[PDB]
Each structure stands twice: as structure tokens, then as C-alpha cells.
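In what follows, a single structure is set out as C-alpha cells and then discussed.
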RNA sequence: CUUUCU
RNA sequence: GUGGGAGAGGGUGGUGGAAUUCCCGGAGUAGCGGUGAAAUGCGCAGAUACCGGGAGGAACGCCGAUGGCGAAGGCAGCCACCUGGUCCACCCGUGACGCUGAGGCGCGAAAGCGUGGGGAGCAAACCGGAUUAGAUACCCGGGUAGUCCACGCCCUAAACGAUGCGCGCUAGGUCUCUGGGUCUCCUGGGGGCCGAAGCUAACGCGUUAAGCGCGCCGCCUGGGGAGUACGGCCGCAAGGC
Ligand SMILES: [Mg+2]
Ligand SMILES: [Mg+2]
Ligand SMILES: [Mg+2]
Ligand SMILES: [Mg+2]
Ligand SMILES: [Mg+2]
Ligand SMILES: [Mg+2]
Ligand SMILES: [Mg+2]
Ligand SMILES: [Mg+2]
Ligand SMILES: [Mg+2]
Ligand SMILES: [Mg+2]
Ligand SMILES: [Mg+2]
Ligand SMILES: [Mg+2]
Ligand SMILES: [Mg+2]
Ligand SMILES: [Mg+2]
Ligand SMILES: [Mg+2]
């Protein structure tokens, strides 16, 4: 219920789960999806496949709001980032562009031990 | 900082004879100058240690020159001091 | 007495009247701090690399004054005061180090 | 592997010290507000050292970016 | 994954 | 002395953008998260993912080096101010004014202590989840001191080149940072590698000596007991010498 066509897609990947989010030209979300969304709990969640599924899911749903053209924006890494894009590109939506806008500090907060080590 | 003028004006003020740059007095003169400036810089910046060492060194080189003076011509010495303001 | 360079950037929306208002103050300000103005280079409006104060543009200025080192800060401490003034950067005069020449 | 050409060549008698010369500086930044290496700018540790200093000034002034979005991928 | 001892 | 040079050397004030956290508005829905798997935990009082605005703390990507500066500890966004060291050229001045250095005085990473402040992220202790035969651990979710600032202590360290300081002498080759030059090479200061002679138990060192020599200081004298006991001195204490 809105009809957008020209939209925008956000792919937030991680070594833990992928999760796409379609949005309108202003940036307001319309439909979103995760590996979680579609079954898959815990481990299976991340995997490139789940990412494909979620990718599609995201489109398929926004296919209702009448989406067509989308600008893809990738954030993060993880098995499934590049993969998801593959999906969107197919899906049905026209993937006018792709841009990596993964956040990166210019050295601010001390990461947790998990990711420490740098000297 | 210390103007070339500020500096040279002091050199002239002390030279043993026309064109005296390295005489013992001249030197002691200059040091008391650089010392006094920095002596001040730290009046404020009591944290700026690194600079303070530079200071310790100056005080050194000075006492050393003077000691030599005191030794060689005990006269000029007594002169330079008073003429400056060393030994409070 | 040292030669500097006063980069200044204010709101690009100002109207010739409001704009002059600010300049009026800037000139004064400089003179209020012994900022003898060697020269000016008023570039105007320009596309900023990133937005500033929300505006995607910026109206620049550039004065190569000469003034008392002991008061450079005071001067800008004074310039930043103005609200339409969003950026101030008092560099110091530097001999143009060339390259590939 | 930085095997294209030294930015310096495709340039002229320029003042590495000028921090408002966007048109020329913009050359030493990658496809992001990232100041290129010497294996790409091709300047002396000294020249390169100065550029870097300059660019950063442009950033504050707002003439040069700090980091751009990477297109393609 | 932890994954001892002679 | 004069004229130059480079630099994250130190101190003060200011200031820039990135990211994290929190708060506000929007849009949007069923999860997010985390792991080897999981769970704890957070989410329909609507979390996560997305946009906009705000507040705040701490750190400063690229440049960045195999780099520079400092006596060491140590020092990297940018700006100005204050300030130390140091190298080169000119041979211009003084005329052995030199070296070392028991005590003394000062400086001295981290943790730690006192008073006040600050607190975003991180995180001893601690509280839970998991793993295990057991888990007072490793992994996961929280989290206080602390980490940050000021002022006053503390005085330690693989405080490492595990190599005290200064000076003279003893093949070169090569890379590099910074100055000067008659600037495809010369020359001075500094950082590296290979290597003459020589040295070394060996490994290695080798004009940045661990070579050849002289000056001064510190230090060693088999292992454990023990950096303990005792005495002394210092400290608020921990504790140090
Ligand atoms: Mg046994
Ligand atoms: Mg002579
Ligand atoms: Mg004579
Ligand atoms: Mg200490
Ligand atoms: Mg501490
Ligand atoms: Mg405390
Ligand atoms: Mg536990
Ligand atoms: Mg923990
Ligand atoms: Mg935590
Ligand atoms: Mg060599
Ligand atoms: Mg050398
Ligand atoms: Mg041999
Ligand atoms: Mg060797
Ligand atoms: Mg014994
Ligand atoms: Mg006591």
C-alpha cells in the first residue's frame, strides 16, 4: 500500500547473519528481512544461502509495494554479503547500483577482546 | 622568543672588543638571557619537564664558563656577575 | 608581527545586506586585534566536500593579515563568536614549497 | 598494484603547500577520502609528508572529503 | 570446541 | 657568532571528521544476538535492520614507512602560542674553558594510592550462560574498581640493543631519512642489511664493534635457601631501596 518502484536496498552482512532491508528514496523502510525471518535459527542463519533466501524475501515483499528500481548498499562482510546481492540483482528488481558503505571508525572505541590486538 | 636584535643587542653590550662573539662574558651574557626566558616559561608550565632539562643544561654550561672565568681572570669575573645579576 | 592567513567560512544563504553585516564585523574584529590586512581573496560560494552546519555549500573568505603572535588566538576566539561564521582557520604564512616543477 | 602512473607526472609546477587548490589535491585522494601512498602519488618522503599535512587542512576547511562511499562492489 | 595421566 | 634544515621532542588553549553508546522524531515487524554448537540476554512498553536530529566520552583511519623525534620512560587528526634538543654551511669570536662522575637533585611505561571531577567503549573483581569427568579457566551475556582530567603520591619493568659514557684508530658494498656541494657522484649527521681485518665458547659482532686502545662510573664471584630474615631509610598504603 504505497507504490514506490524507485527504492533502495540495504544489505547488512555479518559473520553471524545477513539481513536486507528495502527502503524508499527518502530512506524510510518499506519491507525488511533476515536469515532469521525465514526459518533458520542460530548457525544456519548466516550462511550465504540463508542470505540468498532473505535477499529474495526482501524483494518479493517489496514487490508488492510495487518496487522496481533499487540502489544497493552493502555494509559489513560475512559469508553471504556478495551472495545476497546476487539474489537482488536477479529477483525482479532492477539493480541500478551497488555501493559499499560499511562503517569504519577513524580509531575511536576500544573493541572488545574478541577483536583487540593491534599494538 | 628572542629577537636577533634582542640577541645581538646583548652581544654588543658585552663584547671584550669590537666584533667579539665568543668571549667568555658574551657567552655567560647570552645564557643568562636564554636561561631567564625559559626560567619564565616554566614559571607557568610546571609540567613541561622535557624543556626543564634543557634548562638544567644551560645552568650547567654557565657555571662551567664562569668557574673558568673565576679561575683565569678573577677580575672580569667579579665584573660579569654584578654586571649581570648572578648569585642571589 | 607575523604574517598569517585567515580562512573563513559562513552561511551561503546570507543576502548582500546580512552578508555585509558579518563582513563588517570581521574587518572590525581583525582591526580590533592589530590584524593589519595584507590582502584578500573572496572566493564566494563553493561545493563543500561534506555538509557543514547542515548546508551542502559554503561561502569562503581569505585574508593574509599580519598581527601580534601574542593574540592570534584571541582574534579567532573572537571570530568564531559570530553564528553565521561556521569555519575559521588561521594558518601561518608559508613559503610555497613546490613540486614537479 | 599501483602500476598506473605517478599522480605527480600528470600535473604541473604546483605548490604542495596550497591547501585551497582542490582541483589539484583531489588528485592525491583515492576513491574515498583516503590520501594516496607514495607508490601512487610518487613524491619524496618530504614532499609526500607535506601533501598529507596540506590535504588534512582542506578537509577541515571543507574543500576536501574525509572518506567517500565505494561504488561498484 | 574443552579433550588427563604412565 | 651568523646564515640555514628536518622532526609524533615537551607544555597550554582551541578545534575537525569517523565510529560506539544513549536520547528524540520518522518509517517498519518479528526477531536480534551470540557459538564449534548453544544458551544466558535483549525485543510486540515494537527490538534488529534504515533515515533525521541531539547529547556525551574516549581515541585519532588514510598518509604510515621497512620512517621521524627524545637521555630514558615515551611521542602520531588539525591550529596557534609558549618551549627543549639537534644537524649543516661559513671559519668569524673565546682560548683546553675538556672527559667521567661516589653522594645529591630531577625525570621515570603499566598497575596502584589520596582528594575532586568525568564515565561513551572497555573491563580485574563479581553475576550469569556454556564446556568439562571437574571449570573456581579458556568461549558467550552482563559488569564495579579502573581506564579519562586535575592536583598530590608511588619508583617499578623482558625500564631490551638483555650491549654505561666519551675520544682516537681499523676495507668496502647496498638501502634509506635529513643538510651542504662543482648535485648521474662528492660530502656531514642519523636509521638498516652484507661483509675486510680482527674478536667470540659458539651464535654472532664487524666505522651504529661485541675489533684495536686510553679515561671515569656501575656491576659479577657455583645452585637452592632468597630478592627472603634482620636492621635501616623512604611511602598514606600497597610496597620500594
Ligand atoms: Mg600423575
Ligand atoms: Mg678563526
Ligand atoms: Mg688571541
Ligand atoms: Mg610512574
Ligand atoms: Mg596510571
Ligand atoms: Mg584515583
Ligand atoms: Mg563462567
Ligand atoms: Mg566477559
Ligand atoms: Mg561488555
Ligand atoms: Mg653503511
Ligand atoms: Mg651511516
Ligand atoms: Mg674473517
Ligand atoms: Mg654484520
Ligand atoms: Mg648459595
Ligand atoms: Mg609509615
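Residue numbers (my numbering), protein chains in the order written: chain R, 62 to 180; chain E, 57 to 144; chain Z, 460 to 560; chain U, 275 to 347.
C-beta: ideal position from N, C-alpha, C; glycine also.
Give the C-beta separation of residue i and residue j to the nearest angstrom, bearing in mind that I take them to be a contact with Cβ-Cβ under 8 Å.
i, j, result
"residue 305/U", "residue 344/U", "6 Å"
"residue 424/Z", "residue 538/Z", "Absent from the model: residue 424/Z. The displayed extent of chain Z is 460 to 560, so no value can be given."
"residue 130/R", "residue 155/R", "5 Å"
"residue 469/Z", "residue 518/Z", "5 Å"
"residue 65/R", "residue 347/U", "Actually they are not in contact, since the Cβ atoms of residue 65/R and residue 347/U sit about 24 Å apart, beyond 8 Å."
"residue 79/R", "residue 112/R", "4 Å"
"residue 325/U", "residue 337/U", "In fact, because the Cβ distance is near 14 Å, the residues do not count as touching under 8 Å."
"residue 116/R", "residue 148/R", "3 Å"
"residue 523/Z", "residue 461/Z", "At roughly 11 Å, the Cβ-Cβ gap does not stay under 8 Å, so residue 523/Z and residue 461/Z are not in contact."
"residue 299/U", "residue 328/U", "7 Å"
"residue 94/E", "residue 79/E", "Not really, about 23 Å apart at Cβ, beyond 8 Å."
"residue 109/R", "residue 140/R", "5 Å"
"residue 92/R", "residue 122/R", "4 Å"
So, is residue i buried or exposed, given that buried needs 16 or more other C-beta atoms within 10 angstroms?
i, result
"residue 92/E", "exposed"
"residue 74/E", "exposed"
"residue 76/R", "exposed"
"residue 94/R", "buried"
"residue 11/E", "Because chain E in this structure spans residues 57 to 144, residue 11/E falls outside the shown range and cannot be described."
"residue 502/Z", "exposed"
"residue 114/R", "buried"
"residue 114/E", "buried"
"residue 311/U", "exposed"
"residue 167/R", "exposed"
"residue 504/Z", "exposed"
"residue 100/E", "exposed"
"residue 476/Z", "exposed"
"residue 119/R", "buried"
"residue 282/U", "buried"
"residue 540/Z", "exposed"
"residue 130/E", "exposed"
"residue 464/Z", "buried"
"residue 141/E", "exposed"
"residue 472/Z", "exposed"
Is there a Cβ of chain Z sitting closer than 7 Å to that of residue i, yes or no?
i, result
"residue 321/U", "yes"
"residue 309/U", "no"
Under 7 Å between C-beta atoms, does residue i make it to chain U?
i, result
"residue 494/Z", "no"
"residue 555/Z", "yes"
"residue 573/Z", "Nothing can be reported for residue 573/Z, as the shown portion of chain Z is limited to 460 through 560."
"residue 526/Z", "no"
"residue 558/Z", "yes"
"residue 503/Z", "no"
"residue 485/Z", "no"
Does the beta carbon of residue i come closer than 7 Å to any beta carbon on chain R?
i, result
"residue 325/U", "no"
"residue 317/U", "no"
Is the number of C-beta pairs between the stretch 282-292 of chain U and the stretch 486-500 of chain Z that are closer than 8 Å three or more?
no
Is there contact between the stretch 77-84 of chain E and the stretch 125-144 of chain E, where contact requires at least three CB pairs shorter than 8 Å?
yes
Residues in the stretch 461-472 of chain Z having any Cβ partner in chain U nearer than 8 Å
466 and 468
Which residues, in chain order, does the stretch 279-303 of chain U contribute to contact with chain Z at a C-beta distance below 8 Å?
282, 283, 285, 286, 287, 288, 289, 290, 291, 292, 293 and 294
Quick one: which residues of the stretch 328-340 of chain U get their C-beta closer than 9 Å to a C-beta of chain Z? List them in chain order.
331, 332, 333, 334, 335, 336, 337, 338, 339 and 340
Can at least three beta-carbon pairs, one atom from the stretch 157-164 of chain R and one from the stretch 103-115 of chain R, be found at a separation below 8 Å?
no
Assess contact between the stretch 141-151 of chain R and the stretch 312-332 of chain U, defined as three or more Cβ pairs (one per stretch) separated by less than 8 Å. Is contact present?
no
If the cut-off is 9 Å on Cβ atoms, which residues from the stretch 150-173 of chain R count as contacting chain U, listed in chain order?
158, 159, 160, 161, 162, 163, 165 and 167
Contact residues within the stretch 529-546 of chain Z, judged by C-beta distance below 7 Å to chain U:
546
Would you say the stretch 527-536 of chain Z touches the stretch 472-485 of chain Z, given that touching needs at least three Cβ pairs under 8 Å?
no
The stretch 124-152 of chain R: which residues have C-beta closer than 7 Å to a C-beta of chain U, in chain order?
135
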